[PDB]
Amino acid sequence: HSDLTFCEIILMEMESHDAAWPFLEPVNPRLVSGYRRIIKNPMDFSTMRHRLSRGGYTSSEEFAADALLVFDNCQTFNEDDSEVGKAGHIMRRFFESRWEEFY
Ligand SMILES: CCCc1c(C(=O)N2CCC[C@H]([C@H](C)N)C2)[nH]c(C)c1C(C)=O
């Protein structure tokens, strides 16, 4: 699959990016007050990595949905001028541009 070939490329790039540090594992709701209540569908790169390694994606659109969810969740919970928020903006611009550079 050439669709699954690119998400693999773009995920590897997001995983190693400098600004990826808030998105490499799930947010622990025990550690973050309010997170369970505000964020209905948590998402992160390791979860996307797991879903890829298992064959859980069918189309690249499903992959795109999960990527965008990471950044929608980031902007729903974090302030744009917060440390995690700034990192999410850098990561979201990277994803959007890289995704468009292919499709
Ligand atoms: C208060 C900010 C919490 C947060 C992180 C975050 O700090 N992590 C990600 C998981 C563990 C990482 C650790 C340093 N290894 C750090 N990431 C996100 C998306 C959030 C939020 C609330 O949206």
# chains A, B, ... in the order shown; residues from 1 in each chain; ligands from 1
>>> residues_near_ligand(ligand="ligand 1", cutoff="9 Å", atoms="only C-alpha atoms and all ligand atoms", output="MDAnalysis selection string")
chainID A and resid 21:29 31:35 39 42:44 70:71 73:78 82:85 88
>>> write_last_selection(atoms="C-alpha atoms", output="PDB file, in the first residue's frame")
ATOM      1  CA  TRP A  21       7.946  15.343  23.406  1.00  0.00           C
ATOM      2  CA  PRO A  22       4.325  15.858  24.661  1.00  0.00           C
ATOM      3  CA  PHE A  23       2.888  13.349  22.202  1.00  0.00           C
ATOM      4  CA  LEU A  24       5.070  10.246  22.568  1.00  0.00           C
ATOM      5  CA  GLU A  25       2.933   8.524  25.205  1.00  0.00           C
ATOM      6  CA  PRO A  26      -0.647   8.960  26.534  1.00  0.00           C
ATOM      7  CA  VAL A  27      -1.481  11.732  28.962  1.00  0.00           C
ATOM      8  CA  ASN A  28      -1.965  10.158  32.390  1.00  0.00           C
ATOM      9  CA  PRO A  29      -5.345  11.485  33.608  1.00  0.00           C
ATOM     10  CA  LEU A  31      -1.526  13.339  36.765  1.00  0.00           C
ATOM     11  CA  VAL A  32      -3.441  16.070  34.875  1.00  0.00           C
ATOM     12  CA  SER A  33      -6.441  17.645  36.606  1.00  0.00           C
ATOM     13  CA  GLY A  34      -9.408  18.030  34.281  1.00  0.00           C
ATOM     14  CA  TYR A  35      -8.112  15.923  31.406  1.00  0.00           C
ATOM     15  CA  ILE A  39     -10.764  15.275  26.405  1.00  0.00           C
ATOM     16  CA  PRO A  42      -7.261  10.850  23.847  1.00  0.00           C
ATOM     17  CA  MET A  43      -4.728  10.236  21.084  1.00  0.00           C
ATOM     18  CA  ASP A  44      -0.942  10.159  20.850  1.00  0.00           C
ATOM     19  CA  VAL A  70      -3.722  14.711  18.717  1.00  0.00           C
ATOM     20  CA  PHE A  71      -3.577  18.409  17.830  1.00  0.00           C
ATOM     21  CA  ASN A  73      -6.971  17.654  21.769  1.00  0.00           C
ATOM     22  CA  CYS A  74      -3.826  19.679  22.359  1.00  0.00           C
ATOM     23  CA  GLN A  75      -5.525  22.972  21.482  1.00  0.00           C
ATOM     24  CA  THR A  76      -8.682  22.070  23.402  1.00  0.00           C
ATOM     25  CA  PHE A  77      -6.824  21.463  26.650  1.00  0.00           C
ATOM     26  CA  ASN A  78      -3.643  23.550  26.494  1.00  0.00           C
ATOM     27  CA  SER A  82       1.828  27.101  27.095  1.00  0.00           C
ATOM     28  CA  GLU A  83       4.836  24.859  26.691  1.00  0.00           C
ATOM     29  CA  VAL A  84       2.840  21.844  25.467  1.00  0.00           C
ATOM     30  CA  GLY A  85       0.650  24.154  23.399  1.00  0.00           C
ATOM     31  CA  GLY A  88       1.646  21.135  19.451  1.00  0.00           C
TER      32      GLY A  88
END
>>> select_by_dssp(residues="chain A", states="alpha helix (DSSP H)", output="PDB file with C-alpha atoms, in the first residue's frame")
ATOM      1  CA  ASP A   3      -1.074   5.126   1.474  1.00  0.00           C
ATOM      2  CA  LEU A   4       0.232   3.035   4.323  1.00  0.00           C
ATOM      3  CA  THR A   5       3.738   3.661   3.040  1.00  0.00           C
ATOM      4  CA  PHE A   6       3.515   7.405   3.645  1.00  0.00           C
ATOM      5  CA  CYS A   7       1.915   7.507   7.118  1.00  0.00           C
ATOM      6  CA  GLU A   8       4.780   5.264   8.144  1.00  0.00           C
ATOM      7  CA  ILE A   9       7.227   7.876   6.832  1.00  0.00           C
ATOM      8  CA  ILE A  10       5.377  10.793   8.380  1.00  0.00           C
ATOM      9  CA  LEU A  11       4.919   9.025  11.718  1.00  0.00           C
ATOM     10  CA  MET A  12       8.627   8.230  11.930  1.00  0.00           C
ATOM     11  CA  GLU A  13       9.319  11.913  11.285  1.00  0.00           C
ATOM     12  CA  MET A  14       6.832  13.121  13.892  1.00  0.00           C
ATOM     13  CA  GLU A  15       8.185  10.584  16.387  1.00  0.00           C
ATOM     14  CA  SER A  16      11.766  11.937  16.119  1.00  0.00           C
ATOM     15  CA  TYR A  35      -8.112  15.923  31.406  1.00  0.00           C
ATOM     16  CA  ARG A  36     -10.582  13.020  31.589  1.00  0.00           C
ATOM     17  CA  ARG A  37     -13.516  15.416  31.779  1.00  0.00           C
ATOM     18  CA  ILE A  38     -12.417  17.673  28.879  1.00  0.00           C
ATOM     19  CA  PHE A  45       1.849   8.972  18.562  1.00  0.00           C
ATOM     20  CA  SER A  46       2.530   5.713  20.408  1.00  0.00           C
ATOM     21  CA  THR A  47      -1.157   4.799  20.096  1.00  0.00           C
ATOM     22  CA  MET A  48      -0.937   5.574  16.372  1.00  0.00           C
ATOM     23  CA  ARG A  49       2.290   3.566  16.251  1.00  0.00           C
ATOM     24  CA  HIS A  50       0.557   0.631  17.954  1.00  0.00           C
ATOM     25  CA  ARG A  51      -2.407   0.839  15.569  1.00  0.00           C
ATOM     26  CA  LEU A  52      -0.018   0.849  12.588  1.00  0.00           C
ATOM     27  CA  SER A  53       2.107  -2.104  13.828  1.00  0.00           C
ATOM     28  CA  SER A  60      -4.576   6.944   5.106  1.00  0.00           C
ATOM     29  CA  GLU A  61      -7.608   9.092   6.011  1.00  0.00           C
ATOM     30  CA  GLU A  62      -8.030   7.092   9.228  1.00  0.00           C
ATOM     31  CA  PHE A  63      -4.381   7.851   9.998  1.00  0.00           C
ATOM     32  CA  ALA A  64      -4.973  11.527   9.278  1.00  0.00           C
ATOM     33  CA  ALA A  65      -7.947  11.547  11.630  1.00  0.00           C
ATOM     34  CA  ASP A  66      -5.814  10.262  14.496  1.00  0.00           C
ATOM     35  CA  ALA A  67      -3.013  12.739  13.805  1.00  0.00           C
ATOM     36  CA  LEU A  68      -5.442  15.657  13.734  1.00  0.00           C
ATOM     37  CA  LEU A  69      -7.068  14.407  16.936  1.00  0.00           C
ATOM     38  CA  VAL A  70      -3.722  14.711  18.717  1.00  0.00           C
ATOM     39  CA  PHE A  71      -3.577  18.409  17.830  1.00  0.00           C
ATOM     40  CA  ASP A  72      -7.264  19.194  18.299  1.00  0.00           C
ATOM     41  CA  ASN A  73      -6.971  17.654  21.769  1.00  0.00           C
ATOM     42  CA  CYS A  74      -3.826  19.679  22.359  1.00  0.00           C
ATOM     43  CA  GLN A  75      -5.525  22.972  21.482  1.00  0.00           C
ATOM     44  CA  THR A  76      -8.682  22.070  23.402  1.00  0.00           C
ATOM     45  CA  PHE A  77      -6.824  21.463  26.650  1.00  0.00           C
ATOM     46  CA  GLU A  83       4.836  24.859  26.691  1.00  0.00           C
ATOM     47  CA  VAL A  84       2.840  21.844  25.467  1.00  0.00           C
ATOM     48  CA  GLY A  85       0.650  24.154  23.399  1.00  0.00           C
ATOM     49  CA  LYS A  86       3.579  25.737  21.559  1.00  0.00           C
ATOM     50  CA  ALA A  87       4.990  22.273  20.857  1.00  0.00           C
ATOM     51  CA  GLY A  88       1.646  21.135  19.451  1.00  0.00           C
ATOM     52  CA  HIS A  89       1.465  24.070  17.051  1.00  0.00           C
ATOM     53  CA  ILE A  90       4.946  23.268  15.748  1.00  0.00           C
ATOM     54  CA  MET A  91       3.879  19.646  15.339  1.00  0.00           C
ATOM     55  CA  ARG A  92       0.555  20.447  13.702  1.00  0.00           C
ATOM     56  CA  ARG A  93       2.065  22.783  11.107  1.00  0.00           C
ATOM     57  CA  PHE A  94       4.678  20.082  10.411  1.00  0.00           C
ATOM     58  CA  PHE A  95       2.014  17.394   9.924  1.00  0.00           C
ATOM     59  CA  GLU A  96      -0.325  19.498   7.801  1.00  0.00           C
ATOM     60  CA  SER A  97       2.439  20.676   5.478  1.00  0.00           C
ATOM     61  CA  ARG A  98       4.082  17.255   5.170  1.00  0.00           C
ATOM     62  CA  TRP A  99       0.690  15.596   4.551  1.00  0.00           C
ATOM     63  CA  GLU A 100      -0.123  18.119   1.807  1.00  0.00           C
TER      64      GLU A 100
END
